[PDB]
């Protein structure tokens, strides 16, 4: 299985100055649940914005930099290398990788942040005409999660 995993706002904003424009604990819990034991694939900027691999899953970074070798990180150099990864593989970001992979994924796990943030990086446009709603779950609000959000699992038609 090849899946996208993304949090985007109402305008499909995903990033601002190599950070997430929002803090949402629930969505981190969502990601843990979903990806632990599996593989995450990310572009070099996405990785470098955190600088440390996520524990308890396979962290793969795509880059043209042939001297990239962070401990706990496996490296790939082409889009093609993705199809050679065994298991459930999550396209994890960022914008440029999402743009390359959106027409190739089986399904998408989208967290919709029901807000409008300033951004410089965006999830590619998509229409529901192409995607079946497998599930739509409204996120729960509290003191730690103050921003409305919806977990969408979308499967290609």
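Residue numbers count along the first chain shown, from 1. Between two forms, the rigid core is the largest collection of C-alphas that superpose within 1.5 Å.
Taking the rigid core as the alignment reference, the C-alpha atoms of 48 to 56 lie farther on average from the displayed form in 8 other deposited structures of this protein than those of the other stretch among 31 to 39 and 48 to 56. For the pair 89 to 97 and 63 to 71, the mean Cα B-factor is higher in 63 to 71. When the C-alpha B-factors of 5 to 13 and 140 to 148 are averaged, 140 to 148 comes out higher.
In this PDB entry, the Cα temperature factor of residue 113 sits in the bottom third of its chain's modelled residues, the lowest group. Sort the chain's modelled residues by C-alpha temperature factor and residue 37 lands in the middle third, per the entry.
Among all modelled residues in this chain, the alpha-carbon of residue 122 has a temperature factor (C-alpha) in the lowest third. Among all modelled residues in this chain, the alpha-carbon of residue 103 has a temperature factor (C-alpha) in the middle third.
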